[PDB]
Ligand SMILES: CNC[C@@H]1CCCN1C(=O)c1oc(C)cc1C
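Before any questions on binding or motion, here is one chain by itself as structure tokens, the form solved without the ligand.
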């Protein structure tokens, strides 16, 4: 299949028409998405097959073809950009100062941008263009909007 780095739509024909179920990141020959997008299923790229390599339902991450490659971190200070790929709409960058998820196991960056569920997996970038994590795992807030962690995996 297509193995060029960049951001990809994840699609199914299992419903009416072609439906976008989420998004992911191709880096160093590895496809990166959220677990709730694919539920760990194999993916087609052209007539190529992408088989799952690593996943963790609790982290809500999954890699295809190789080990998680993405190792950059929110600095805790600087704005970031969601590279939102919404269903049927062009890739669009959205710049935002993340808030914080406070957890018993530590603080996580969080982004307060409301997009359809099929945007799940769009990358969050720093100022140098590095993927600091993925959008689409978080919480519906007092206001009814969705606030997403910045979800990052570990690189071995």
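Residue numbers count along the first chain shown, from 1.
There is another form of the same protein, the form solved in complex with the ligand; it is not shown, and what comes next is about it.
In the entry with it bound, residue 51 approaches the ligand with a heavy atom inside 4.5 Å. Within this chain, residue 40 lines the site of the ligand in the entry with it bound, having a heavy atom no more than 4.5 Å away.
Annotation for 55-73: the only interface residue with the ligand in the entry with it bound is 55 [heavy atom within 4.5 Å].
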